[PDB]
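S.K.: opening with a subset of the complex:
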Amino acid sequence: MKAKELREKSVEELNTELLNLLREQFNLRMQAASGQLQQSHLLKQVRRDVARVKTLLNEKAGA
Amino acid sequence: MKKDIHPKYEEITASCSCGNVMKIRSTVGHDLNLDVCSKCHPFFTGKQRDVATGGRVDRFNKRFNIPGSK
Amino acid sequence: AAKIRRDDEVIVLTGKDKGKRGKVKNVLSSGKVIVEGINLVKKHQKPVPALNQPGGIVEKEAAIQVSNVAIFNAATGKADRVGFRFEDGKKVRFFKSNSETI
């Protein structure tokens, strides 16, 4: 949920969720698989959050 | 480089044999070595002999050691 | 940003459609403020040889920018600039100089 929503969490998505959150780009983002009436381009409009966890990790270890 | 106690010298000037004639006189071209330092050996010690001429009140150091100080 | 706030009712006066009045509007960055769509006889294009071939000639982007009138209600287009005071705690909604807000 966009990243700032779940900041109560003890562990970042790097623990396994990093790949479960990234896999679709090789599994569903080919022709009409992920969708055609109802999805398309995701990873900006909605799905960007995986990248925040990156700079946030370093924030948390650098404190 | 030689007299280095007192630092360096090669000042391009002339000697006017037909008025303002550019013949560069001032370039020195002779070198000497070897004298006894304050400790033990007849060390490498560079001069022309100027450095060692300058020794009539030096006690091996009060000018000698400017290259050796830093 | 305009504190006159996207239900409200405006008119054309600083162009030929002089009096065409309507509400809510359409607001986008450097968008031309159509009042409600003041056009009458201007074509539409055919980028599709399929059945749906856009047959329009009416409403399309009739420009009259920003708003020349502080929201109509009865007569008069001013003072539009007038900032107003505390009503929402993170924004301020306005009407015109004479009548608190809306």
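M.R.: Looks like it came in fine. Numbers count the residues shown, from 1 in each chain, chains lettered A, B, ... in the order given.
S.K.: would you put the C-alpha positions of stretch C:32-51 in CSV?
M.R.: Provided in CSV are the C-alpha atoms of stretch C:32-51 (Å, rounded to 0.1, in the frame of the first residue of the first chain):
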residue,chain,number,x,y,z
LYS,C,32,-9.4,26.9,-21.7
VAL,C,33,-12.6,26.9,-19.4
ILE,C,34,-15.5,26.0,-21.7
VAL,C,35,-18.2,27.3,-19.2
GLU,C,36,-20.3,24.1,-20.0
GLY,C,37,-19.4,23.7,-23.8
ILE,C,38,-20.5,26.8,-25.7
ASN,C,39,-19.9,25.6,-29.3
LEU,C,40,-22.6,25.3,-32.2
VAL,C,41,-21.1,24.4,-35.7
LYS,C,42,-17.5,23.0,-35.7
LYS,C,43,-16.4,19.5,-37.3
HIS,C,44,-15.0,16.2,-35.9
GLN,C,45,-12.4,13.8,-37.3
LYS,C,46,-12.2,10.2,-38.8
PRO,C,47,-8.9,8.3,-37.5
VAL,C,48,-11.0,5.1,-37.6
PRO,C,49,-12.5,3.4,-40.8
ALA,C,50,-14.7,1.3,-38.4
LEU,C,51,-18.5,1.9,-37.7
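S.K.: what's next to it, contact-wise?
M.R.: Under the criterion C-beta atoms under 8 Å, 6 or more residues apart in numbering or on different chains, residues C:10-12, C:17, C:20-27, C:53-67 lie in contact with stretch C:32-51. From N, CA and C alone the C-beta is placed, and that goes for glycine too.
S.K.: let's put chain D on the structure above:
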Amino acid sequence: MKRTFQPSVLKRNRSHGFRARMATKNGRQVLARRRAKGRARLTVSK
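M.R.: With chain D now in place:
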């Protein structure tokens, strides 16, 4: 006779050598004029 213009990579180093033109003060000024102060690009860096 063999006249003239052609491209190569290994002839560059002593003349058209891009980092050699940063190493000489001769080159350095011209580069900075031609794309740092003067609005522009070079990009032919392969």
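S.K.: re-run the earlier check on the contacts of stretch C:32-51 with chain D in the model.
M.R.: Contacts for stretch C:32-51 (C-beta under 8 Å, 6+ apart): C:10-12, C:17, C:20-27, C:53-67.
S.K.: please spell out the ChimeraX selection for the buried subset of the residues you listed.
M.R.: Applying 16 or more other C-beta atoms under 10 Å in any protein chain shown to those leaves a buried subset, and the ChimeraX line that selects it is:
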select /C:10,11,12,17,20,25,62,64,67
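S.K.: keep only those of the contacts of stretch C:32-51 that are in strands.
M.R.: When DSSP state E defines the strands, the subset of those inside them is C:10, C:11, C:21, C:22, C:23.
S.K.: identify the bridge partners of the fourth one.
M.R.: Looking back up the chat, that one is residue C:22. Beta-bridge pairing of residue C:22 under DSSP bridges involves residue C:10.
S.K.: dump the residue contacts of it.
M.R.: Neighbouring residues of residue C:22 by C-beta under 8 Å, 6+ apart: C:9, C:10, C:35, C:36, C:37, C:38.
S.K.: out of the residues you listed, who's the most crowded?
M.R.: Counting neighbours by other C-beta atoms under 10 Å in any protein chain shown, residue C:10 leads the contacts of residue C:22 with 25 neighbours.
S.K.: for it, give its distance to residue C:26.
M.R.: Computed as C-beta to C-beta, to the nearest Å, the residue C:10 to residue C:26 distance reads 12 Å.
S.K.: okay, now the closest residue to residue B:67 other than its chain neighbours: neighbour count?
M.R.: Closest residue to residue B:67 apart from its sequence neighbours, by C-beta to C-beta, 6 or more residues apart in numbering or on different chains: residue B:4 at 5.0 Å. Counted with other C-beta under 10 Å, residues neighbouring residue B:4 total 11.
S.K.: while you're at it, add chain E from this line:
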Amino acid sequence: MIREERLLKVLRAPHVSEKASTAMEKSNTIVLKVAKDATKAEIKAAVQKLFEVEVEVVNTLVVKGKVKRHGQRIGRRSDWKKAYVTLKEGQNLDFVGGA
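M.R.: Adding chain E to what we have so far:
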């Protein structure tokens, strides 16, 4: 097998090309493409831990495919880079077709 590695950017989608028809017979010599990160070692480590599926040999391919979109003669090249990967003998598509 590791999770801290170049994998999550080194791949793209499968390449869907006709050669899946013409050369997959008693083995699954299936096509991919890959980003600017691709040395062979990365794509060798990749497939089985990103798509659940066991493989044998891997090829990397420097493809340099010119494009133009600007009208005026030119556009770009991008990374482009095809690859070939190897779904063994007979597990073919037997649950999904990732086409």
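S.K.: let's see the contacts of stretch C:32-51 again after adding chain E.
M.R.: Residues outside stretch C:32-51 that contact it (C-beta under 8 Å, 6+ apart): C:10-12, C:17, C:20-27, C:53-67.
S.K.: which of the residues in that stretch are buried?
M.R.: For stretch C:32-51, by 16+ other C-beta under 10 Å, it's C:33, C:34, C:35, C:38, C:39.
S.K.: can you name the two of the residues you listed that are farthest apart?
M.R.: Using C-beta to C-beta, the buried residues of stretch C:32-51 reach their maximum pairwise distance at C:33 and C:39, which is 13.2 Å.
S.K.: how about the residue lying closest to residue B:63 once chain neighbours are set aside, what does it touch?
M.R.: What sits nearest to residue B:63 in space, not counting adjacent residues and going by C-beta to C-beta, 6+ apart, is residue B:5, at 5.1 Å. Residue B:5 makes contact with B:51, B:54, B:63, B:64, B:66, B:67, according to C-beta under 8 Å, 6+ apart.
S.K.: from residue A:11, how far out is the residue nearest the centre of chain A?
M.R.: What sits nearest the mean C-alpha location of chain A, by C-alpha atoms, centre = their mean, is residue A:50, with 3.1 Å. For residue A:50, the distance to residue A:11 equals 15 Å [C-beta to C-beta].
S.K.: next: residue E:78.
M.R.: Using C-beta to C-beta, residue E:78 is found at 36 Å from residue A:11.
S.K.: those two: who's more crowded?
M.R.: Per other C-beta under 10 Å, whichever of residue E:78 and residue A:11 has more neighbours is residue E:78, with 12 against 8.
S.K.: just say helix, strand or coil for that one.
M.R.: coil (DSSP: H, G, I helix; E, B strand; the rest coil).
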